[PDB]
Amino acid sequence: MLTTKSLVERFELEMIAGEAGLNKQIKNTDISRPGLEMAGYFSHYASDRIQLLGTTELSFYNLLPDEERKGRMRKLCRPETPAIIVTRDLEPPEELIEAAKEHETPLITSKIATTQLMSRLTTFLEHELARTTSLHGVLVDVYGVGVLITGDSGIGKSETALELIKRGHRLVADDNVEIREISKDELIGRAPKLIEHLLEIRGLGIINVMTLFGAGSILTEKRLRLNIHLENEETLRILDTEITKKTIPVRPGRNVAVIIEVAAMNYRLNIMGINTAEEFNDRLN
Amino acid sequence: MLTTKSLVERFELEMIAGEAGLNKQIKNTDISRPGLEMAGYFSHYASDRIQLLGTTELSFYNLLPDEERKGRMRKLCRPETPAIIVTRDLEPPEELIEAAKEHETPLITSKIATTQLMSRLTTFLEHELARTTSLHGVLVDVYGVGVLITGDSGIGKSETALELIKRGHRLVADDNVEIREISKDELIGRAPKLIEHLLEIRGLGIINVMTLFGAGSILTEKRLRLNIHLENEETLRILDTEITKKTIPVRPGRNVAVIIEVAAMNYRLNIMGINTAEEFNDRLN
Amino acid sequence: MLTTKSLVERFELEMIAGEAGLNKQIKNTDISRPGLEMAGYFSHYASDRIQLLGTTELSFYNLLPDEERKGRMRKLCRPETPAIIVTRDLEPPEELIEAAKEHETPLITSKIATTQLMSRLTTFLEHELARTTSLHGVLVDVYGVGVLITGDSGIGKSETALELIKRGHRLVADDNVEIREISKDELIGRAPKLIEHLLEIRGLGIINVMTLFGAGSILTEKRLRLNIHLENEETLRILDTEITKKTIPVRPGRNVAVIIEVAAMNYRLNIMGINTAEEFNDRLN
């Protein structure tokens, strides 16, 4: 499971005490700012979240009489609390360091503004606790657009991806695609480490695009944005997010790769708010 | 209908008199030089044509005695006569200006040589009185050759045109093509103003080539020269003119766009008088 | 048949005597260095081969007493012997010149080292006595790889070759290919002089690639290395040599020309000792 040790490693956080508590789990992405706790109000809710002590919390705490503040830092270090981070380069109170050691609660110092750090921490947490799955298809980057090509076996997915590569686009994954929903509506795809840089074509066998075309033809990971479904305003649902989908009929008399290129171009255009299907719908009136 | 007003507007002709006659119709493209009329010989034939008075006509007229010339300019201004143009920057006779006002015959002065003006006027007239029709297919400019792509629905006409556009060629019209036979064997095609710059592709929908590819990918009008008929020394007759036609079978294992490009190249070559089908026919002997 | 006259012409060899013997046949590619003959030992074996007299032979011959050497040069000039070449710019013995004239044995002087000349002569001989045949298919040079495209009629061989030409590759022969096995595992292909530079495409007819695309699109001859068999570690046997073969299925949804390009690239890679099918076979373990 995800533990504070992973957090400290990703951001190279400065540990001050509570090293024995680095094996504590971080169950959610939510973050807590225990201001009310500084005033003596404690509760179970949010106790298992990372706690951030910034100017708001410490400016109040430091105005407390010693007899009133007594035990509040200790009560903050509950067993389930994965970490307490003193932000804005503030000095952690001696009582807190003491409590962190006694209760083995990871205590960290950060020089970052509280709000900014909170955003960075939660983003990492969402990335780590990302729902994951795998999909059959080919992931390619076309004009900066992550395109997932799907369709029945033999339809020409890998052959079309090869032509796209030949045309200057990048391969991310062939056959199987590992997908991670690292945040709301953000799907990141990558090839299994085993078939990285590989593309298999009936008749030719397995080829290495990196070896054949160089570094400019590959990309380790890419956010999915467009599903091109090859077949003999729709969408494709993957996990909890839906991405634009275009179903292109395959028949002689056309270059599927070109269609995909234009679909990616049209997509970026639509993203800018420009939609030709509407432009004409109005021109008709 | 076509009236003298349209003529004066197109060439910004200098009107001297007969403004009330600008609503007179110009029925044909033929032009008249009334020399015999200067000698007193009048007839119905050609009276409804634009009349040009150049050096030949006026040098004779100006040698006439006043009593003999009397009424000849008036008899020139017949009701059906749409316009009288004094060319070569010559001075229109007072009698002519007078007659033009009395009979409301548009009187124009031009500084151009009679023969040259005649050619320019008739060319405009043929353009205006051009026979017109519409055709299903896609018109593209490939290596300067106006190519009309035809073939059954779904064969891949628009998809192939899109690939040609992607390859640097220009789109003139998708789906419907307005054709004008502006002169003998000269067919000009253009897209209906409604679908200008548009191309529709099954699966993607309607796209704007101008927005997607820029100005270098479009062309307002183009003379048709080659018909590429996609199918699962021939010609295609359109109105009163026949254009070269090549029937290309569509099947996997080939890039139709490339075939079209070569067909256009071969066409220009044939135009230069070079024909490979003959070159080999001789090499065989 | 192959005669000494052809040999002298190809290398512009310096004839010293025996012109009347230039019509003698050169039956094999083997070459003889008659050292033992200098010592008086003669035999039928190798007598019908070109004979080379270098330092080894002449340094021994010149040490012989006149009575012992008598007749040895004459016995060297057997009727079937097509030619005797004195290499290393050595002086042919008077007795040899005399014998060559008497027996009409072509006598040549060469300034080249014996071993080097032997290699050059035999190479020419193998080229000349090359087994020959003709094959249906299209020969193109793709990234320096001689690719023979085969497959049933209508599959798209010539159309695919045309696309390859359009993509910068070179045409060697369309329809029929003249093959010459000029040495072990070395097959050279060329188009019949009659259809040189020509390519025929259904619908367009016969075109001249040289006229249409210029000199950079043609190649007179090319060694075959890869067979791409279009179909709706294998090899293709031609004469006595086998060349790598890849069978590519043709179906919509793919650009066959691109597949061929990658196959040629993969081939050069495999030649360098790099095989991706193995790279992955190991990565799986």
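In the text below, chain A, chain B and the rest are named by the order of the sequence lines, each starting its count at 1. Just so you know, these numbers use all the heavy atoms, side chains as well, and skip hydrogens, waters and symmetry mates.
The closest side-chain heavy-atom distance from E126(C) to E186(C) is not below 4.5 Å. Counting heavy atoms from C-beta on, the side chains of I207(C) and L212(C) come closer than 4.5 Å. Within the 4.5 Å cutoff, the side chain of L125(C) has heavy atoms near those of the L2(C) side chain. Side chains of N227(B) and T150(B) form a contact here, defined as non-hydrogen atoms less than 4.5 Å apart. In this structure, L199(C) and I206(C) have side chains that are not in contact, with every pair of non-hydrogen atoms separated by 4.5 Å or more.
Remark: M1(C) pairs with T3(C), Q25(C) by the side-chain contact (heavy atoms from CB on, under 4.5 Å) rule, at least two apart or across chains. Partners of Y267(C) under the ring pair (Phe, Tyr, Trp, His ring centres under 6.0 Å) rule, at least two apart in sequence or in another chain, do not exist in this structure. For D141(C), the side-chain contact (heavy atoms from CB on, under 4.5 Å) partners at least two apart in sequence or on another chain are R170(C), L219(C), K222(C).
Crowding of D152(B) atom CG: a count of heavy atoms from other residues, nucleotides or ligands under 6.0 Å not exceeding 12. Taking a 6.0 Å sphere around CG of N281(B), one finds it holds more than 12 heavy atoms contributed by other residues, nucleotides or ligands.
Considering all non-hydrogen atoms of both residues, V140(A) and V142(A) come closest at CG2-CG2, 3.6 Å. Taking all atoms of both residues into account, the shortest heavy-atom contact from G214(A) to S217(A) is O-OG, 2.8 Å.
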Can I get a per-line list of side-chain donor-acceptor pairs under 3.5 Å for residues 235-250 of chain C, giving both atom names and the distance, sequence neighbours left out?
from    : atom 1 : to      : atom 2 : distance (Å)
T235(C) : OG1    : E242(C) : OE1    : 3.1
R237(C) : NE     : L239(C) : O      : 3.3

Sequence neighbours left out, cut at 3.5 Å: what donor-acceptor pairs do the side chains of residues 172-179 of chain C make with other protein atoms?
from    : atom 1 : to      : atom 2 : distance (Å)
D174(C) : OD1    : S158(C) : OG     : 2.5
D174(C) : OD2    : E200(C) : N      : 3.1
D175(C) : OD1    : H136(C) : ND1    : 3.1

Side-chain donor-acceptor distances from residues 254-263 of chain C under 3.5 Å, at least two apart:
from    : atom 1 : to      : atom 2 : distance (Å)
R254(C) : NH1    : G154(A) : O      : 2.9
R254(C) : NH1    : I155(A) : O      : 3.4
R254(C) : NH1    : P252(C) : O      : 3.1
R254(C) : NH2    : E159(A) : OE2    : 3.4
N255(C) : OD1    : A257(C) : N      : 2.9
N255(C) : OD1    : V258(C) : N      : 2.9
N255(C) : ND2    : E163(A) : OE2    : 3.3
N255(C) : ND2    : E163(C) : OE2    : 2.9
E261(C) : OE1    : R167(C) : NE     : 3.2
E261(C) : OE1    : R167(C) : NH2    : 2.8
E261(C) : OE2    : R167(C) : NE     : 2.9
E261(C) : OE2    : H169(C) : NE2    : 2.7

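If you take CD1 on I149(C) and CG on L139(C), they are separated by 9.0 Å, rounding to the nearest 0.5 Å.
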